[PDB]
Amino acid sequence: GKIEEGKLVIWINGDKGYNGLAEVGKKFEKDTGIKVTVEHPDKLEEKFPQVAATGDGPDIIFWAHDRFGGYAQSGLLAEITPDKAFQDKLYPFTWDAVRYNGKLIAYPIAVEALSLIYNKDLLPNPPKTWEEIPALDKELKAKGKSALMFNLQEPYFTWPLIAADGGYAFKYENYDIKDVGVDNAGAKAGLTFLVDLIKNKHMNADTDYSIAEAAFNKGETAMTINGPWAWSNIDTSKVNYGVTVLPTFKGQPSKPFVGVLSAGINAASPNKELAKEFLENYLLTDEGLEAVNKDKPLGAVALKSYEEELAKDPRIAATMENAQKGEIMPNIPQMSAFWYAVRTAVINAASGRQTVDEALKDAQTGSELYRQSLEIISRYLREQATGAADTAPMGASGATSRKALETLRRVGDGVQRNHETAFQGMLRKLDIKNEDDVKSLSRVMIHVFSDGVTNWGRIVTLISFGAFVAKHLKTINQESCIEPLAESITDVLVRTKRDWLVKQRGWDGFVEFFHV
Ligand SMILES: OC[C@H]1O[C@H](O[C@H]2[C@H](O)[C@@H](O)[C@@H](O)O[C@@H]2CO)[C@H](O)[C@@H](O)[C@@H]1O
Ligand SMILES: C=Cc1ccc(C(=O)O)c(NS(=O)(=O)c2ccccc2)c1
Ligand SMILES: [Mg+2]
């Protein structure tokens, strides 16, 4: 492989305590003579899948648990195997956070939740509601202060307001992944409130992490919204601060997405046993977690013994209070796509580039794109291969899925007829005989669909070849390969054609384009 044997490379995000982590690395090095290198690459959560897909990158990757499902789904992570005794050392619900398709795919480290951080000298009694913040800002502006500044470039920080009055990502009721609440009335109310803060000069659409942090730590703004990792810098600034429950919106609690900081092991690492040793017997201990925490606070750690100490901290009690009012992030593979969609929506709404209504509409479509495409393509491939339709209800957004499939059947019939010779030739050239061969199609399909003008014609041709291949797989008693084929084609489609698909209003555009 490309990853070096007999050493550890560890990537962690730039806002975390990577110097403290490096100290843990140093102790491991001292014991074993094996080098540990910690890096905090820019755009880490995008850089990791890029390099890991080529079999490269770090042995150990740190991020909140939400990204790890996509990584696991892409074959980038080793299954991890803590023995029973080690597992019992961490809270069961943190392990739940790192389970994907019934397998553990990461070590959970700490539970992160946003809180309201406030300056006790400017604001001894922080607002219980978002609604009183405009008036508070007007008072403070008379003194050359502002009420509130927080990062407007990452949706994570605005989500708690979006979800307060009813917005949600993927319906969690004891998951309906088809049920997406990104553009419902509650989500629009929350984002509209944020946009009005900006229009009324109570916030600035350009504000990012660095700018908000600096304004709070310099005592220019009375409040910020941030996580435990930020407390270290505030301590240094000597601002007299407090950490408390987020304001309510429309009488409802703000609901932060709760993240579990987690460490995965690169599927292509030759050092998996070393990584296991490092994570289990050096990092996930009282002294290991302490060393990181003293650099930048981790939040509420997954390790029972050490959390029992940290829980006495009023800042941590506050973190857990907010965490309990929020929801643990899903780790389904399309979480990245969801975050990309909401990110664009908040940025576009805040800048006036789009209205709130249209911005969230696009985020809705972007977030729904994977599951809806998979439903359409899976159903088409399966019915094409068996000759009979699936009579199960389509579920949520059923009209769209049903009409798209009806359109695909009609248009797809002609494409397959006209491409029969081409399809037969390409099938024989590719030699698809089993689930292993199916795995090899992804790189091929990506290369083809990363170039050229996009249109519905070319998309239908791909799905039609999918159906052709599915029929073949059925015929040679490899009917079990059809669903991973459908998943792979869907994955290539929504990845390479994301922006174009959203601009078409997803499959609704497809239906309209081939209307009769
Ligand atoms: O903004 C979208 C972003 O939200 C979360 O990322 C957090 C991360 O969990 C925290 O540890 C901290 O570093 O701030 C990040 C936001 O800037 C999700 O984990 C992430 O996947 C998502 O893109
Ligand atoms: C799924 C594998 C695969 C491989 C190669 C191509 C290609 O166009 O070169 C392709 N694109 S296509 O589906 O539109 C196609 C075009 C002609 C013949 C067969 C498939 C799909
Ligand atoms: Mg639109």
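Positions are given from 1 along the sequence. Numbering of ligands and ligand atoms starts at 1, following listing order. Values reported hereafter were calculated over all heavy atoms of this structure, with side chains retained and with hydrogens, waters and symmetry mates removed.
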Under a 4.0 angstrom heavy-atom cut-off, which atoms of ligand 2 come close to [X]?
| X | answer |
| --- | --- |
| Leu462 | 13 (O), 14 (O) |
| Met426 | 5 (C), 9 (O), 18 (C), 19 (C) |
| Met445 | 1 (C), 2 (C) |
| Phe423 | 18 (C), 19 (C), 20 (C) |

Salt bridge (charged side-chain N to carboxylate O under 4.0 Å, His left out) between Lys188 and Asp357, worked out: CA-CA 7 Å; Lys188 291 181 177 180; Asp357 287 353; 3.7 Å; yes

Nearest-neighbour protein heavy atom for [atom], which is reported as residue plus atom name and distance:
| atom | value |
| --- | --- |
| atom 21 (O) of ligand 1 | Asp66 OD2, 2.5 Å |
| atom 13 (O) of ligand 1 | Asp15 OD2, 2.5 Å |
| atom 9 (O) of ligand 1 | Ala64 CB, 3.4 Å |

Report the part of [X] in contact with ligand 1, treating N, CA, C, O as backbone and CB onward as side chain, heavy atoms under 4.0 Å; options are side chain, backbone, both, neither.
| X | value |
| --- | --- |
| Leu261 | neither |
| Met335 | neither |
| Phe257 | neither |
| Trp339 | side chain |
| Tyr209 | neither |

Ring geometry between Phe510 and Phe514 (parallel below 30°, tilted from 30 to 60°, perpendicular above 60°): perpendicular

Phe338 and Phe257 aromatic ring geometry - parallel, tilted or perpendicular at 30°/60° bounds: perpendicular

Taking the side chain as everything from C-beta on, heavy atoms only, tell me whether [X] gets closer than 4.5 Å to [Y].
| X | Y | result |
| --- | --- | --- |
| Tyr71 | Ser336 | no |
| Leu76 | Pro49 | yes |
| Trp11 | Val51 | yes |

Contact check: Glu358 to the Mg ion (ligand 3), N/O/S below 2.8 Å: no

Aromatic ring proximity, centroids under 6.0 angstrom, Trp159 and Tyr168: no

Distance-only N or O hit between ligand 1 and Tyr156, under 3.5 Å: yes

Any N/O pair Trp229/ligand 1 closer than 3.5 Å: no

Identity of the nearest option to atom 23 (O) of ligand 1, non-hydrogen atoms only, from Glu46, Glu112, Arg67, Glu154: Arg67

